[PDB]
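As C-alpha cells, one chain now follows by itself in the form deposited in one PDB entry.
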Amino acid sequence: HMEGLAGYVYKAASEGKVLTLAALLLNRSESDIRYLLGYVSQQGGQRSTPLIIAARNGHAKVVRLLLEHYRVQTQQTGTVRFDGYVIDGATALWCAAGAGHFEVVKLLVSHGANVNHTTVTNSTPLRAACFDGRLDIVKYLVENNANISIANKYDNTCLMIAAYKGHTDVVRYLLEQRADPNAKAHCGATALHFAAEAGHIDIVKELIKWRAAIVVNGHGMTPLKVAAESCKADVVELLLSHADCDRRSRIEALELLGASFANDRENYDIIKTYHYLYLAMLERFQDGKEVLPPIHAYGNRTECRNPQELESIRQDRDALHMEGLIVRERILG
C-alpha cells in the first residue's frame, strides 16, 4: 500500500521510539521521505502527522530528529484529542504548549515555529499554555513574541482562561506583561467575572491590584453580583472593600449572596443566610419593593420588609430557606 509503512512511521513517532523511527526513514527517497512524514493519519478520529503526536506526547528525541535531519514543516496542522475533545487547526507547537512539554516547546520554537499560530478556534499556543498553566512555557512563549492579546473565537483572552483555571502565578505574569485586564468577552465578561465566579481570591486581588474596571457583563452583572450568585463569600467581601459600587449595589450583593446560601446545593448555610440578609436591612432616614406570593410556589410567602419582620425568622430553618429563594427570584427571575 506504501501508506501502510506511513502508519509504522506514525507509530514510532507517537511512541517516541526514535530508534525505530530513524531505521524506518533512512535509505528512502526524498519523494518517499516527504510523503511518510507529511502523511496525515486518522488514528480513530484524530488526524495528525508524526511530528505532531510526538510534540503532543512530549517525545523530544523524535521531535529533534524530525526537525533537523529530515527538516519537517513546523506549520503542519492537524486535529488532536485533549481530554476527549478534538481540537482543530493545531500545530505540533500548539500541542506541546497545551500538553505541558516544555523541552519540546523550546525545540519547536528553536527550529522556527510560529508562536502566534491560531487554531480554527483561534487558540494560540500561548492560550493552550495559559489553560494548562505551565508558567515556564507561558514565560518562554511570551519572551519569544507570542502575542498575549489575540483571543478566542468568542474573545476569551489568555488572561481570562487563566483567571478561570485558577493559575494565579500565570495571571500575575500576563499582568506584569501589561495584558489588558478590561478586555471583554462576547458574553460580556472580564477576567474579573471569571475569577469571581470561580472564587479565586488571589487572582481577584491581582486583578483589582491592576486597576480592574468593574464592568457589567452581558447578563448585566458586576463581578460582585456574579461572585455573590456563585456564592463566593470570600471574594464578595474583598470586592466590597473597594467602594465603586453604590449603596444599592452593595446591598443587592449582600442579599444575593445571602440568598445563594440557601439556593446553593454544595455550600448551604441558613446561618449564613440570616447574616447577609440581616446585614442588607440598611437604615438611616431612607430605605429600599417586594413581589407577590407565587401562584403556588415558595409556599405563597412574602419577603421580609421590616428588620423586625426578618428577626422573627432567625429561628425558622424552613422559612429562612424559603426567604432565600424569594430573594433570588427578585434579583434574577
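Start at 1 with the first residue shown and count on from there. Between two forms, the rigid core is defined as the largest C-alpha subset superposing within 1.5 Å.
Note that the form deposited in another entry isn't included here; everything after this is about it.
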| property | result |
| --- | --- |
| Entry of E103, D202, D155, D244 that shows, once the rigid core is matched between this form and the one not shown, a C-alpha shift of 2 Å or more | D244 |
| Core-aligned C-alpha movement of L26 between this form and the one not shown reaching 2 Å | no |
| Threshold 2 Å Cα movement between this form and the one not shown at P294, rigid core reference | yes |
| Did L282 shift 2 Å or more between this form and the one not shown, C-alpha, core superposed | yes |
| Change in CA distance between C245 and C158 in that other deposited form, which is 3 Å or more, as closer or farther | farther |
| Note on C245-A163 C-alpha separation in that other deposited form, which departs from the shown form by 3 angstroms or more | farther |
